[PDB]
Amino acid sequence: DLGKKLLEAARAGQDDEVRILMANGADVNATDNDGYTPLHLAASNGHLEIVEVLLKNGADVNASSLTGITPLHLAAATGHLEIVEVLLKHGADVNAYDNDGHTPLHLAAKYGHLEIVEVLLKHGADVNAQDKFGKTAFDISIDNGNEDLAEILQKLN
Numbered sequence: 026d027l028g029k030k031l032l033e034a035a036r037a038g039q040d041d042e043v044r045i046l047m048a049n050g051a052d053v054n055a056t057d058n059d060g061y062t063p064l065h066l067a068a069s070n071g072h073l074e075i076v077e078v079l080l081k082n083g084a085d086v087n088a089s090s091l092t093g094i095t096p097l098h099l100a101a102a103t104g105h106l107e108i109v110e111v112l113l114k115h116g117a118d119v120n121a122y123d124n125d126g127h128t129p130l131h132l133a134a135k136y137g138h139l140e141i142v143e144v145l146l147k148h149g150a151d152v153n154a155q156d157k158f159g160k161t162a163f164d165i166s167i168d169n170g171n172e173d174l175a176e177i178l179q180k181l182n
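Mapped onto our numbering, the consecutive letters of the sequence shown carry residue numbers 26 to 182.
Shown next as structure tokens:
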């Protein structure tokens, strides 16, 4: 029962509850119906302190949802830079791909997060990786009208 409560506490930003639930033995890598862990939910909701607490307590930094989405995918897509950095520091795969072939770089490009693109690039993000549509992060930046971002990526073509 503790797993569902940890998932909710992480999503909701309740850090003291997250801590107490762990102490009670909650599975840090419990998953919801979509295969998201507390770390996924904390990352997508921008809860940095909770991200740090989960990692200190053995969260799977490379956990994949039912569709292959990782916490780094979610932090990159939602523009949480500090969380992206922490996840990378703890060993998140910068070039993980979901079931549609999207990498964190693809998602940062899609949602127009220039600073996150810069960070992923300085940690070995693959500018040549193509999704299932044959598209690179540059192609995605163009499809989504993110011109300022496309500039940077174009020079790496």
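The C-beta atom is built at its ideal place from N, Cα and C for all residues, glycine as well.
Around the C-beta of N124, fewer than 16 other C-beta atoms lie within 10 Å, and the residue is accordingly described as exposed.
Between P63 and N54, the alpha-carbon positions lie close to 7 Å from each other. Given a length threshold of 3 residues, the region 42–128 has no whole run of the beta strand (DSSP E) inside it. Between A154 and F163, the gap from beta carbon to beta carbon reaches 8 Å or more. Taking 8 Å as the upper bound for CB-CB distance, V144 and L106 are in contact here, some 7 Å apart. Residue state for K135 is assigned as helix, using DSSP reduced to three classes. Residue range 162–168 is occupied by the alpha helix (DSSP H) that includes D168. Between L113 and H148, the C-beta gap is smaller than 8 Å, which places the two residues in contact. The C-alpha of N58 lies about 9 Å from the C-alpha of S90.
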